[PDB]
Amino acid sequence: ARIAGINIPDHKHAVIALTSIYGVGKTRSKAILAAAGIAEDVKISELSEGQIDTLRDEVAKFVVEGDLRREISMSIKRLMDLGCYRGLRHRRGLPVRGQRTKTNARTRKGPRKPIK
Amino acid sequence: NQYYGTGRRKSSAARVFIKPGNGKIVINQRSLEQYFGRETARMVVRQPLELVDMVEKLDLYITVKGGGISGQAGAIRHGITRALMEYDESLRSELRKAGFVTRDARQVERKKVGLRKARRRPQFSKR
Amino acid sequence: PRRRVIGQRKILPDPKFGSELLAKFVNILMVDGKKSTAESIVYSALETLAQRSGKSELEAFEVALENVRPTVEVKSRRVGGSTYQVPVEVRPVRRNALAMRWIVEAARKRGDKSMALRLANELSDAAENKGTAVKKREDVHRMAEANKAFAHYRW
Amino acid sequence: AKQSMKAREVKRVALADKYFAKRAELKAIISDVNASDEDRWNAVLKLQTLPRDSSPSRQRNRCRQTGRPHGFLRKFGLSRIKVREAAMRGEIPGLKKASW
Amino acid sequence: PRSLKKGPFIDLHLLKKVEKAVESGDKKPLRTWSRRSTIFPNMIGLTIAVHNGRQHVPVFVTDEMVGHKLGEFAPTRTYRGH
Amino acid sequence: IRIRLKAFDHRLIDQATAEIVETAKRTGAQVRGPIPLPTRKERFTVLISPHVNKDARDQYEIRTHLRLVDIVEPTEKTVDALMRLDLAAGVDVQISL
Amino acid sequence: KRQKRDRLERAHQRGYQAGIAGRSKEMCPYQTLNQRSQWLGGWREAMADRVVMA
Amino acid sequence: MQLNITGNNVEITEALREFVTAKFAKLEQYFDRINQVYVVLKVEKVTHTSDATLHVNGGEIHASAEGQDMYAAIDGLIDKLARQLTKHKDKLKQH
RNA sequence: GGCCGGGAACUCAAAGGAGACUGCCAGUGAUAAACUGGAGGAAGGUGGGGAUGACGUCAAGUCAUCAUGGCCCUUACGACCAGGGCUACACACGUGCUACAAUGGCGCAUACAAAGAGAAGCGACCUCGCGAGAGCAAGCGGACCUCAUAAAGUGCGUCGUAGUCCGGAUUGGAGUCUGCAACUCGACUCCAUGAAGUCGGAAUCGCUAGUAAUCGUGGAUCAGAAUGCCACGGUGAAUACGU
Ligand SMILES: [Mg+2]
Ligand SMILES: [Mg+2]
Ligand SMILES: [Mg+2]
Ligand SMILES: [Mg+2]
Ligand SMILES: [Mg+2]
Ligand SMILES: [Mg+2]
Ligand SMILES: [Mg+2]
Ligand SMILES: [Mg+2]
Ligand SMILES: [Mg+2]
Ligand SMILES: [Mg+2]
Ligand SMILES: [Mg+2]
Ligand SMILES: [Mg+2]
Ligand SMILES: [Mg+2]
Ligand SMILES: [Mg+2]
Ligand SMILES: [Mg+2]
Ligand SMILES: [Mg+2]
Ligand SMILES: [Mg+2]
Ligand SMILES: [Mg+2]
């Protein structure tokens, strides 16, 4: 139960388990387990090395883990270096997509900094 | 020689026809146990019969339009109790004592201005 | 209220066991208007009560109910700076309502998987003087016994 | 409302329903997937040219009595205030206080 | 964002006066209020000073600035902190 | 032929009906029963204060009344007359063959 | 809320309460001899109980 | 005691803010369980006014006072709340 | 297939009527007024809900709906335009929404409403697309056509008490639609991401019955932009000894 150089839960339905891969959600999970004709309800523990490989193959079709994490980080570095409004939202650590800040906005800003 | 009631509860209306027979029931071209999943519903529909043991001595036929389940179920009961005390002007008094003959009336209250519902009114904290 | 409330309601009896008593018990467990959901949870508990006591259902669920009904409760009353707890008889219908409430309250506060399990276990434990439900009654009774001196005030 | 503000609404209506067709057909090609890239690109430059106040989205329903920009009702073309004032005289046929 | 079928939006005034920039090679900055307009490839290499509300501010266009909309480079509020 | 009658008053409409189902009888024809139809009830809510005070309203209404009348066996005579009738103001009619 | 409580019972408990709190008979607000009997009846029952209270 | 200041036709400077806060700090000695409290200052023509409302542990206390200044208004106000707060306390500590 | 000829019963539509008055019967009561109970009845004592707000109070609110006493401005406090701002964020308070799970999440299957809107508007069926949508174009000024398949419910399966198959904030990428135009500042879609949150201190609010709780539906405003507002049904409790 090692895919994309990470350990996958072996007591979880393949569908659920494959999601542990960063860069596969649930849509991809479903696809994989059909593109690589493997059943959904099957737990990973009760497979063949063979099954696990054809599976290993499907996942390689996507960009995932390390690879992905790099892509994202480029995209954000790209913005900040451009210095666009969207860039600075990322710098100053503020809602990048137009959300109000007068109130709320605590997910970017993090927990409260009292006064004085 | 078939005996008839109408019957209403909340937003439901139930037109019913009874006939002498062995104890069949149809609702909207369907059987009792099919049309009504909930058990309560069934109890309600037959309890006028279960009262005056004609449960299997008359054969009923029904249609309902409007309302939800407990509405229709209720509306039917009223429908029967009407017909069943028309086939027999006799039974009324017994039927009536069970409180089946009265039409419920309880309707949903309107929404009013200033309120979140009929009577629920928005909070204001003295906190 | 200051006047008298006129017009008591009509609980229809249970579809199965045809009891107004059990019908009340459902309402009390019922949440957010979901009467069917509650109707299920209740029967599945009694099954599993019946399947161990082997003593019917409308006669087993009772035995739980007797182990837990209180007979004397305390009312609070402000006297000087202090507050007098004072013992009072309980009305029959009230001690039904309390037993049924305490059973439900005790059920929910458990770690079992289903709701049905929690209810079942609780009803069983009730029948053998055990659970939180029955603990509560004991405590109520302790308090009224303690400050018995204030039995006859009318104040 | 300031006389000026009432006025703009007339300037804006008049244009809107004079260039109405020009806009429509000049838009129609834009949204045509199956048309000449040459054509559609021209259009995009041509629409933006003819005047802003000639767009129907540019106008604002104002009470046609007092000029108010808020609380308008279409059925009457009046503000909530003037609707009430007239309602009570019986200058709005049919209309009357309601209960249920 | 704007539908893909309707193509990329640029105000004509500004579209024109970056032919004369690119054909008749100049090297001046251009004034503009056209914060709508997306940056086209032609615009690469030419500073263009876009309005922010009170002032025009220079945007030396680059490859990376293509598709974005001028005004996405002229901040319009001032904030240092509290 | 069908005519649909529509108005805001109910007394008013129950005139025009009787008027028409008199002529139809007159100029020899069978008139298929004045049948009434659902009445539409447009409703309106309005702030009655000119400033603030959101929870102070009026609720207005207009009830529209619809009636339908048919013409079974249209006499030639009738078609002119049922067309040529000056009918109470504040009533819409829609004779349509 | 839907219907007024028993007038006689209320009159008997009003009597009791003036009793315990130690008002004089002849504060009784009733001349209706029926209610009056209830009021005093309470007031005299209460006179007993005061003794064994402090 | 959480405070809040308004100005209806008055600019709250940083005397009038500092001043009002100090004057209100006394009130807690009259009743320890004061919660949030709102203050309002007015100038209508020639009349200087100051009202406050005080959420307290089982109550709501309000008073308003008129001065020829706002300081003299607020001075007056603090004397009004003092008396009300004491009355409140004493009908709780009622033994 | 009310589908067809028929039928005018029934449901329903809406004009007109009938009906409830302490009228009838006990007991109490000053031979009163009334009260408590009983009968019949769909309904019983103001049956339920709405509309309706006394003389006045608070120099309460509105000169920014409009009107208007006075005062002030008149190559500017008037008028036009482009861009920005009202959407800013160390923070404090109020009103809400969604959650924290198993009376639950997810997948398949399958029941039962009400009320309302539509004219250059509501827009089916067909084709395309994973999807938002696109193209083509029937019907309907509407008890006829369209919005527009109610949801909770129900059966069968699965998850097995985990920060989880709970939650869905945040952010990247890729789109659609409205609109001269969505950078500042729209709604929505797909792929990925998967935060705080394990039921909330002191305090504090709503509600007495088809109510609270909970579940869906519509409308006004409106090119586009509801978790708000105004309406509509479904399921449907708890408890009132008492002062
Ligand atoms: Mg996703
Ligand atoms: Mg409000
Ligand atoms: Mg509701
Ligand atoms: Mg004017
Ligand atoms: Mg507009
Ligand atoms: Mg309509
Ligand atoms: Mg002083
Ligand atoms: Mg009676
Ligand atoms: Mg009156
Ligand atoms: Mg004033
Ligand atoms: Mg402008
Ligand atoms: Mg604002
Ligand atoms: Mg909520
Ligand atoms: Mg989830
Ligand atoms: Mg609409
Ligand atoms: Mg398709
Ligand atoms: Mg009440
Ligand atoms: Mg809702």
Side-chain angles (χ1 to χ4, degrees), chain A residues 16 23 25 27-28 68 72 75-76 84-85 96 98 100-102 106-108 112-115, chain B residues 4 6 10-11 13 15 37 66-72 102-103 105-111 113 118-125 127, chain C residues 1-2 5 9 27-31 33-38 41 91 94 97 113-115, chain D residues 4 47-48 52 55-57 63 66 68 72-73 79 81-82 97 99-100, chain E residues 1-4 9 33 35-36 51-54 68-72 76-77 79 81-82, chain F residues 10 36-39 43 45 49-51 53, chain G residues 1, chain H residues 4 35-36 57:
Chain A
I16 312 299
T27 314
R28 282 183 169 178
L68 170 52
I72 287 159
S75 80
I76 301 166
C84 45
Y85 171 87
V96 318
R100 76 190 289 112
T101 72
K102 185 169 189 186
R106 300 312 313 170
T107 291
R108 304 287 288 123
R112 287 154 195 291
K113 313 160 190 286
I115 310 293
Chain B
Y4 169 93
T6 187
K10 303 177 76 170
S11 195
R15 54 196 276 284
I69 286 156
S70 60
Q72 289 164 356
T102 174
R103 190 266 138 120
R106 301 186 296 136
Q107 308 291 74
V108 24
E109 228 166 307
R110 62 174 287 183
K111 186 175 166 282
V113 161
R119 296 194 187 181
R120 206 208 183 299
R121 75 187 320 111
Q123 180 171 290
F124 88 112
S125 297
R127 184 204 310 113
Chain C
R2 293 181 175 295
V5 197
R9 308 170 180 297
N27 292 349
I28 280 183
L29 178 137
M30 169 170 63
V31 150
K34 294 210 206 292
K35 163 77 70 45
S36 77
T37 293
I41 290 171
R91 288 172 283 135
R94 176 158 175 61
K113 303 285 269 278
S114 79
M115 177 66 208
Chain D
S4 65
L47 178 57
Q48 67 167 261
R52 281 191 192 184
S55 181
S57 291
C63 178
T66 197
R68 219 174 94 109
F72 175 86
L73 301 177
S79 81
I81 290 173
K82 302 273 55 168
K97 285 180 72 67
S99 30
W100 64 86
Chain E
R2 189 178 172 74
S3 282
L4 224 53
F9 186 86
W33 294 265
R35 296 179 60 99
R36 286 187 274 181
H51 192 232
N52 78 355
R54 52 167 163 182
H68 297 106
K69 289 177 159 274
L70 285 176
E72 206 164 348
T76 143
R77 295 171 182 105
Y79 181 53
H82 297 117
Chain F
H10 87 247
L37 280 152
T39 150
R43 283 176 181 177
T45 312
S49 169
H51 190 266
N53 300 339
Chain G
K1 52 173 286 286
Chain H
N4 294 298
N35 299 300
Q36 43 201 246
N57 230 62

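Every chain is numbered from 1, with letters handed out A, B, ... down the list of sequences.
For I:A203, the OP1/OP2 oxygens have a side-chain nitrogen or oxygen of H:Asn57 closer than 4.0 Å. Neither OP1 nor OP2 of I:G116 sits under 4.0 Å from any side-chain N or O of F:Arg43. Taking only side-chain nitrogens and oxygens, B:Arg127 comes nearer than 4.0 Å to OP1 or OP2 of I:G94. Checking the phosphate oxygens (OP1, OP2) of I:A195, no side-chain nitrogen or oxygen of A:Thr107 falls inside 4.0 Å. Side-chain N/O atoms of A:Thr101 include one lying less than 4.0 angstrom from OP1 or OP2 on I:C89. The shortest distance between the side-chain N/O atoms of C:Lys35 and the OP1/OP2 oxygens of I:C215 is not below 4.0 Å. Applying the 4.0 Å criterion to OP1 and OP2 of I:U95, one finds that B:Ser125 has a side-chain N or O inside that range. For the pair B:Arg106 and I:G47, the criterion of a side-chain N or O lying under 4.0 Å from OP1 or OP2 is not met. Within the structure, every side-chain polar atom (N or O) of D:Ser57 is placed at least 4.0 Å from both OP1 and OP2 of I:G179. Applying the 4.0 Å criterion to OP1 and OP2 of I:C91, one finds that A:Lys113 has every side-chain N and O outside that range. Within the 4.0 Å cut-off from OP1 or OP2 of I:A192, at least one side-chain nitrogen or oxygen of A:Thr27 is found. For I:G83, one of the phosphate oxygens OP1 or OP2 lies less than 4.0 angstrom from a side-chain nitrogen or oxygen of D:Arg52. One finds a side-chain N or O of H:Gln36 lying less than 4.0 angstrom from the OP1 or OP2 phosphate oxygen of I:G94. Residue B:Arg121 places no side-chain N or O under 4.0 Å from the OP1 or OP2 atom of I:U211.
Set against I:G206, I:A92, I:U103, the side chain of H:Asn4 has I:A92 as its closest nucleotide. With distances taken from any side-chain atom of D:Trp100 to the nucleotides I:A231, I:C10, I:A181, the minimum falls on I:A231. Comparing I:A209, I:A43, I:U211 against the side chain of G:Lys1 picks out I:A209 as the nearest. Listed candidates were I:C89, I:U65, I:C241. Nearest to the side chain of E:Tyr79 is I:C89. Of the candidates I:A240, I:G210, I:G47, the closest approach to any side-chain atom of C:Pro1 belongs to I:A240. Considering only the side chain of D:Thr66, I:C66 comes nearest among I:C185, I:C66, I:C180. Residue C:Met30 places its side chain closer to I:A237 than to any other of I:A237, I:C230, I:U176. Candidate nucleotides I:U243, I:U239, I:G96 were compared by shortest atom distance to the side chain of C:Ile28, and I:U239 ranks first. When distances are taken from the side chain of E:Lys69 to each of I:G84, I:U161, I:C183, the shortest belongs to I:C183. Distance from the side chain of D:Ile81 is smallest for I:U65 among the nucleotides I:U65, I:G85, I:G96.
Classification of I:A181 as anti follows from a glycosidic angle more than 90° from 0. In this structure, I:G41 is classed as anti because its glycosidic torsion departs from zero by more than 90°. Anti is the classification of I:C156, since its glycosidic angle lies more than 90° from 0. Glycosidic conformation at I:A26 (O4'-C1'-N9-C4 for purines, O4'-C1'-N1-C2 for pyrimidines): anti, more than 90° from 0.
Between E:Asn52 and E:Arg35, the shortest heavy-atom contact is CA-NH1, 3.6 Å. D:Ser79 and D:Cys63 make their closest contact through N-SG, 3.3 Å (heavy atoms, listed as atom of the first residue, atom of the second, distance). The minimum heavy-atom distance linking C:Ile28 with C:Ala97 is given by the pair CD1-O, 4.2 Å. Considering all non-hydrogen atoms of both residues, A:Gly23 and A:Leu68 come closest at CA-CD2, 3.4 Å. The minimum heavy-atom distance between F:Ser49 and F:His51, with the atom names listed, is OG-O, 2.7 Å.
Side-chain atoms of B:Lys10 come within donor-acceptor range of the base of I:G236, with a qualifying N/O pair under 3.5 Å. At a cut-off of 3.5 angstrom, the base of I:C91 holds no donor-acceptor pair with the side chain of A:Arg112. A donor N or O paired with an acceptor N or O is not found under 3.5 Å between the base of I:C207 and the side-chain atoms of B:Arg119. Interface remark: the D:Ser99 side chain does form a donor-acceptor pair with the I:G50 base, using a distance-only criterion of under 3.5 Å. The base of I:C207 lies outside donor-acceptor range of the side chain of B:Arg120, with no N or O pair under 3.5 Å. Counting atom types as modelled, B:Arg103 pairs no side-chain N or O with a base atom of I:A43 as donor and acceptor under 3.5 Å.
The CG atom of C:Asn27 sits 15 Å away from the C1' atom of I:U214 (whole-angstrom rounding). Atom CZ of B:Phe124 and atom P of I:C207 are 10 Å apart (whole Å). D:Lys82 places its NZ atom 5 Å from the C1' atom of I:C66, with the value rounded to the nearest Å. Remark: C1' of I:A213 and NZ of C:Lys34 are 10 Å apart, rounded to the nearest angstrom. Per the geometry, CD belonging to B:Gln123 stands 10 Å off P belonging to I:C97, to the nearest Å. Taking atom NE2 of E:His51 as the reference point, atom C1' of I:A82 lies 9 Å away to the nearest angstrom. Atoms CD (B:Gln72) and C1' (I:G234) sit 11 Å apart, rounded to a whole Å. Across the protein-nucleic acid pair, E:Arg2 atom CZ and I:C185 atom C1' stand 18 Å apart, rounded to whole Å.
No Watson-Crick or G-U wobble pair links I:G133 with I:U211 with both defining distances under 3.5 Å. Between I:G216 and I:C232 there is a base pair of the Watson-Crick or G-U wobble kind, both donor-acceptor distances falling below 3.5 Å. The bases of I:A213 and I:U235 line up as a Watson-Crick or G-U pair, and both contact lengths stay under 3.5 Å.
In this structure, D:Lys97 reaches the sugar-phosphate backbone alone: every heavy-atom distance under 4.0 Å involves primed, P, OP1 or OP2 atoms, never a base.
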> After noting the C-alpha distance and the side-chain angles of A:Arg112 and A:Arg106, does the key distance pass the side chain to side chain contact (heavy atoms under 4.5 Å, CB included) rule?
Replying inline: CA-CA 8 Å; A:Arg112 287 154 195 291; A:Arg106 300 312 313 170; 3.8 Å; yes
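Positionally, the nearest nucleotide of RNA chain I for E:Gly53 lies more toward the 5' end than for the other of D:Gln48 and E:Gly53.
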Sub-3.5 Å pairs of nitrogen or oxygen atoms, protein against nucleotides 133-136 of chain I:
none

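In a base pair of the Watson-Crick type (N1 to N3 plus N6-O4 or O6-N4) or a G-U wobble (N1-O2 and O6-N3), with each distance short of 3.5 Å, I:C177 is matched with I:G186.
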